[PDB]
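Down below is the structure, laid out as structure tokens.
Bear in mind these aren't lab numbers, they're just calculated from the coordinates by the rules spelled out. Note: ideal-geometry Cβ built from the backbone for every residue, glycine included; neighbour counts use all protein chains shown.
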Amino acid sequence: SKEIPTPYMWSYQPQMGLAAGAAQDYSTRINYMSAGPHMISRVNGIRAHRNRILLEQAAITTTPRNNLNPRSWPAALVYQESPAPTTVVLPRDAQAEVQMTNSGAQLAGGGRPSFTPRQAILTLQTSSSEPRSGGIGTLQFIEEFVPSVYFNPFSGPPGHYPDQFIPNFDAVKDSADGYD
Amino acid sequence: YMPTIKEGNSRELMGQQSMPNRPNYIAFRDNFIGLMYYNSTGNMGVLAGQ
Amino acid sequence: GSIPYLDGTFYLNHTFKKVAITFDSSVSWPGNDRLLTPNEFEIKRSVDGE
């Protein structure tokens, strides 16, 4: 329980884009209250081999950060859409059609004109004006927030205890939220 | 005021008294409410690209 | 009588209108615009206009 704990699995909130709070993986537990030492020892080696994978998965995939579940992810640490620039082939020459029309020709329908060899091409930035920060998506909640294997739980001075497992806890208030 | 239940002209039907009917304004609703089915799953409108 | 909970003699399947499965209180399942009705599993319709 302290040596081989149950991992705290994180609850996502798709609206705020943050983790709600982590509770232990109670719903994937395996029942060896009817097993003996030939099989309790084999299941406890699977509880511990899983916890080695989750520490290995967090060392590969989770972003190194001080506060677990921060409230505003920076724009450099959030996956952002960076598309290719949009290449716009402009259909009509503007000042070559105000000279045909002033000369008396009625243009209708629609190089693309037979009376103009000129062709304008415009290249526009597709991405946003400012990079987005504040909340991670679903796919970055999968990469980060690997379930926390919390060895020897709640034994270190308080304040070092993980309060960001709790779904009521504001980090910048250091208090649990209420109904008002 | 009908003085007499009987049908046919009589002296008592000179005392019957007239009252105008009530004014009833029948029109389309404000901003044309009720012409267009909104918020019905069985009559939901479509804007789609062909 | 027969106990449909135990013997599999189910007979109230026809009394279902729609099913709506939403994970994590806002993400609908299967999501991703999979069905012609986007946010739920409509099983039957009494009024079929479309």
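Some values worked out for this structure:
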| item | result |
| --- | --- |
| Entirely in the range A:1-99, the strands (runs of 3 or more DSSP E) that have 3 or more residues that are within 14 Å of chain C (Cβ to nearest Cβ) | A:8-13, A:18-24 |
| Any hit, the range B:24-32, residues being under 30 Å from C:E50 (Cα atoms) and within 14 Å of chain C (Cβ to nearest Cβ) | no |
| Selection status of B:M36, more than 14 Å from chain C (Cβ to nearest Cβ), in a loop (DSSP other than H, G, I, E, B) and closer than 30 Å to C:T37 by Cβ | yes |
| Conditions (1) under 16 Å from the mean Cα position of the chain (by Cα); (2) assigned to a loop (DSSP other than H, G, I, E, B); (3) more than 14 Å from chain B (Cβ to nearest Cβ); number of the one not met by C:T22 | (2) |
| Failed item, numbered, when C:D33 is tested on (1) away from chain B (no Cβ under 14 Å); (2) surrounded by fewer than 11 Cβ atoms within 10 Å (Cβ to Cβ) | (1) |
| Complete set of residues in the range C:25-35 that are within 14 Å of the chain's Cα centre (by Cα), in a loop (DSSP other than H, G, I, E, B) and under 18 Å from B:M44 (Cβ atoms) | C:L35 |
| Exclusive hit being under 26 Å from A:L18 (Cβ atoms) and basic (K, R), set A:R52, A:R92, A:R71, A:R47 | A:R71 |
| Meets criteria (of a type in the set (G, A, S), closer than 30 Å to C:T37 by Cα and out of contact with any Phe, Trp or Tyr (no Cβ under 8 Å at 6 or more places or on another chain)) for B:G49 | yes |
| Residue match in the range A:124-144 (condition: closer than 28 Å to A:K2 by Cβ and in a loop (DSSP other than H, G, I, E, B)) | yes |
| All positions within the range A:62-107 that are among the aliphatic types (A, V, I, L, M) and either over 25 Å from A:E130 (Cβ atoms) or in contact with a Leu (Cβ under 9 Å, 6 or more places away or on another chain) (or both) | A:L68, A:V88, A:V89, A:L90, A:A94, A:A96, A:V98, A:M100, A:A105, A:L107 |
| Only listed residue being facing another protein chain (nearest Cβ under 10 Å), surrounded by fewer than 12 Cβ atoms within 10 Å (Cβ to Cβ) and among the acidic types (D, E), chosen from C:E42, C:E50 | C:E50 |
| Residues of the range C:1-18 satisfying the condition of being closer than 26 Å to B:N43 by Cα, surrounded by 10 or more Cβ atoms within 10 Å (Cβ to Cβ) and more than 10 Å from every other protein chain (Cβ to nearest Cβ) | C:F16, C:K17 |
